[PDB]
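What follows is one chain in structure tokens, specifically the form deposited in one PDB entry.
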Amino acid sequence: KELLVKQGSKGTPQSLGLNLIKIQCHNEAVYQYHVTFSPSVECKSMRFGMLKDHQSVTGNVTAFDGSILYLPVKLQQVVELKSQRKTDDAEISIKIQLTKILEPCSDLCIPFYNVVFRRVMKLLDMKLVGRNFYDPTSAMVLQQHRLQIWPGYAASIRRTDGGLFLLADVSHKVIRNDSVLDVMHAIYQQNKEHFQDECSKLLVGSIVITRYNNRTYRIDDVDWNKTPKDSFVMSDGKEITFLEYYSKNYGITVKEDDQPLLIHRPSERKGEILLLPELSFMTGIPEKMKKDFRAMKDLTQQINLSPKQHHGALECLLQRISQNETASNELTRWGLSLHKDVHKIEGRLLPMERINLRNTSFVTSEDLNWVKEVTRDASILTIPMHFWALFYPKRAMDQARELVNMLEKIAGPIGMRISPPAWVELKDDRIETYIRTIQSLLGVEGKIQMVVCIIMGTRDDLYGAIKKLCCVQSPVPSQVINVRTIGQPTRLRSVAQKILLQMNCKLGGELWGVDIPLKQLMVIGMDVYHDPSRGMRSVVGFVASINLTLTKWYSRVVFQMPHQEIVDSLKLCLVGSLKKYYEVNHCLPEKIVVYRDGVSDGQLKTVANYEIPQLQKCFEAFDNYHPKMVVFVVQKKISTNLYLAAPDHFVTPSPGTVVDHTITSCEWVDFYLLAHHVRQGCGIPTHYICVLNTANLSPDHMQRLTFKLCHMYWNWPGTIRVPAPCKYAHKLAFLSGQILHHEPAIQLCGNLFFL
């Protein structure tokens, strides 16, 4: 790990709000023991309790996470200890053998610095659910929602270039007080004779949380013929009944025994697991609650928190940490002095770039909104459409007359050669004839057109068949519209005119440019759209800049082969992108900037060594063509929050800032660029990690190049979460992997259909 200077010079500094820890390193050695509880107890409760029962041998300074104990003082090689169970009087044989001597400056200390913090905030009467800690003392209970929300904290200790830190997100968790058992009782009261089908309809596909070990478990089946009075064989090879299993591990004596059982079947590899309804609770958000205007406006008025409400909750967490003595000793025996106040990050607002139109050229303001700049002038990079087929079934005539009769009105300020659509009716929406109509006609409209498949209600098979026929068998676009979305005239201005230009974008109509000071720049946003829940061939979305001023982009999907992890596609995808580049610009690039998507933090090493070296060795297809490459990894689901520290309060700004110190990764070169256009909530910043940077790019150069790449997507008046090719490839990869399950047609490749 080299000492790399990351801070830039050009920009206006800011102030942020989430570091929360600075510790001094003092302990010369920490001693790790792995403990085998013989016989096996599985719950954390006894594994804490009988370890706390023997502080004469272990000591008061303890850190145990279920199987691993940590000490500051070395014992002998193996210590053997006898314990007796509080319920069945078992012969529990604790064996502690020292396995690791943790150095003060080793990255392996992060697990036990994290479990000591979990043991710290388990003393504040804070519960564990899933991964996080949630507070039951500031809940909101919603009776008509049948719901309860907890304002907990997802807190995690991690190492950073600015030392040790603890990142805490104010994570509100929804918990249903209704279990699966009580909602089974409610459905059985609602339907005494016909409840098994409702249980098999609202139970499979639904996912429960069990709180005896807080595990989240996917329901695959529910069985009524088997009760926990029947026994089974657990991991030690000896038969146990489930009630004695409860009394020996979790200690939670059940209230009834005539309840059914739930079957969970894991993925292929195998151990089928059985869960009681009483100890298992719902996912607490009802979609049957949701279908009204009063759901979020009465629930998430507090859950969609302000930045100041985040800072108040986090300062309340710090206050209850500091004012609790028993939590303070559990930090200060190990010598981990938490900071009693927040620790703040500096900022950097970049010199904001220029958006070049056909004639005008704006300096981008602080608001990033040019919503009604559309319908101004005719665009050069457009094929002027004339005719397109519009279909509607036998229930929604005037509903179609909501849309199209307004749409010719926004041909007013443009004044292009427009004509009314082919109003072709439908006799029956029952699966068939909707396939037959479109490729029965395919007529005068089919030059540059727009397929509008309008379906009453939510039906997956209908739109799947329509999009499969209307994007596989013929060169033709398609667009699914549900009548439930357009069912009211109130949602017309926001549904028909400003948006639903998917079809006008699918024929390739776009222009605006951002200035780039470099020469011969090829930027290429590789994305990987994975669908392993369906367990079939993952999809690569390939998009590259095939020109100089970045106005045109490439598109490619190739299905992978199952049981073959090595990518056979990306060489062909780069071959196609380079062939399109040599067909359009008639030249070869000098630098390549790749924005790879979708890897974990432990996976970049693979991207450092198992894929990008294959990209460098892929260039054998062209003679003496081995130039410099730049690789980046984009990240979305981030837990770091950003607030500007105005001298009165905290407000998350508009996108544009740069955070590059004391939040990054310890090994690679990272930065964070905020991309939420914040109207409410806290703006998560996009995380960009580089892998190979041999083009000698300064940090401000690649940060401003990333924001420039964020500036060039034809879908919005305001900036985007991930830059433009990683949303192009997202849209085309999702479309070509989940809906038609096929490659896009070659005959549409001159358009930018990824919009």
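Take the two forms, superpose them, and find the largest set of C-alpha atoms that agree within 1.5 Å; that set is the rigid core. Residues carry their position along the shown sequence, with the first being 1.
Asks: Counting only residues that lack coordinates, how big is the gap in the deposited sequence between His563 and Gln564? Pick none, 1 to 3, 4 to 9 or 10 or more.
Replies: Count of unmodelled residues in between: none.
Keep in mind that the form deposited in another entry is not shown, yet the notes after this line are about it.
Asks: With the two forms aligned on the rigid core, which of the residues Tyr246, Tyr134, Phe165, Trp388 moves its CA by 2 Å or more between the shown form and the other one?
Replies: The only residue crossing the 2 Å threshold is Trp388.
Asks: Return yes or no for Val57: a CA shift of at least 2 Å between the shown form and the other one, with the rigid core superposed?
Replies: Stays below the 2 Å threshold, so no.
Asks: Does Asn27 show a Cα shift reaching 2 Å between the shown form and the other one after rigid-core superposition?
Replies: Yes: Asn27 shifts by at least 2 Å between the shown form and the other one.
Asks: Once the core is aligned, please say if the CA of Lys506 is shifted by at least 2 angstroms between the shown form and the other one.
Replies: Result for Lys506: yes, a 2 Å-plus shift.
Asks: I want to verify one pair: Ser494 and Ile285. Are their C-alpha atoms nearer or more distant in the other form compared with the form I supplied, knowing the change is 3 Å or more?
Replies: Farther apart, by at least 3 Å.
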